[PDB]
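This document opens with one chain alone, in structure tokens, the form deposited in one PDB entry.
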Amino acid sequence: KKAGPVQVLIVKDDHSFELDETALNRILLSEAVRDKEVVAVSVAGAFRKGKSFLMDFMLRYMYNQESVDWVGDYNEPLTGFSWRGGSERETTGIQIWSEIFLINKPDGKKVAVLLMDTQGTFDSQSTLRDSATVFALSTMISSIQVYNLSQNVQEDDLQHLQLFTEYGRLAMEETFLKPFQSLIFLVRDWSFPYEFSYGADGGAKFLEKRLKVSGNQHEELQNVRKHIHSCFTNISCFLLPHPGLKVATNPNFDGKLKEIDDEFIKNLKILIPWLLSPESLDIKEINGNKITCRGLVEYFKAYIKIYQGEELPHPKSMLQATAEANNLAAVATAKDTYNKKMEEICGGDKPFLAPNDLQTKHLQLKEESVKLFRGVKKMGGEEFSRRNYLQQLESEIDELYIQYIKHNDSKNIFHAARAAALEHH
């Protein structure tokens, strides 16, 4: 059996997740690797952006780093993880390479290298939770996360990175250390080498500016950068040239280097050993402990079990989350107002109210609190409120009303009995 890609995290059609433990155990629990300290390299980011393609050049280096020309014969097609053109996603879930690479580090340590390829985020078959779970899991498992971006590092990219890494952090053991190790902002099709050079040095200068935290920036900009810095012990950036229009657009392209732009190739041959050379391979650490292949299986099972449950808050889009916050805040105000107004008429220090007098004032105050809730301008507007929050508000007000019923009754328990006795009299 030849080495090949192995699907380990499956996303089902109903957006539930399954770990193929058998497949994962077969690769990571073999006698040759299971007790080896593990290096886990992942690539993640927006879909359809060359992630699998890049990983297959990483495989070439992993297999041929001892040869003079690891990058390959210029007529050799690019194989391994499945990659292709087209606007529909190819990789789903998380796949790993079936052959764990045993690599000697300069300090004599023999480490196991795992390569992890991921479903691109934001394809139109996936919920936000699907995309967040894949990104979070790949970040939580990897010791090197290659965050693959197109053309630029935009503010929505940083917000997505923040959301996905937060989602990962929420599923992890509490720790005083940073949750993750190495992040690489890999910018595909960097177009401004005259501004910042292709490679890791122009990348570092670009990203140093782009991620810099200033106490004088708007807190929204500050906090996304603070978050990202807090998550990773090392953050780097590599700017890659466009690979040429043949790579991007020719359907007959199959990965041959003779059809890839030369400056892309030069930088690819710098990028890959920079990421993967024996010196650069950071052993995976979780909660301050170096992890073996066997222990990584355990964390993969632990982490996925959390995401298969419902302990964590659901990832929400900007509009959904803001609409919910807007509605939650207005429900609280409307209910608080109903409470305070009811206290004015049937608080503990107020006289007993006849039941239909209490009912009249409750119905009026309930209506006033519903009109107040409805009047608050909220994202998603009236339709989202009515379907998801109005019934909750009216129901909770009703509950408060029944409490006030009992409070009020307590002040004159014989009201109805005495009334009936007196009506006869």
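Residue positions are given as counts along the sequence shown, with the first one as 1. Between two forms, the rigid core is defined as the largest C-alpha subset superposing within 1.5 Å.
Keep in mind that the form deposited in another entry is not shown, yet the notes after this line are about it.
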Inset, instruction - Superpose on the rigid core, then report which one of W83, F232, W274, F264 has a CA displacement of at least 2 angstroms between this form and the one not shown. - result: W83
Inset, instruction - Return yes or no for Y389: a CA shift of at least 2 Å between this form and the one not shown, with the rigid core superposed? - result: yes
Inset, instruction - With both forms fitted on the core, give yes or no for whether the Cα of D201 moves by 2 angstroms or more between this form and the one not shown. - result: no
Legend entry - Is_shifted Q181 between this form and the one not shown (CA, 2 Å cut-off, rigid core): no
Inset, instruction - Relative to what we see here, could you say if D123 and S42 have their Cα atoms closer or farther apart in the other form, with a change of 3 Å or more? - result: farther
Inset, instruction - Once you account for a change of 3 Å or more, let me know if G86 and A132 sit closer or farther in the other form, using their C-alpha atoms. - result: farther
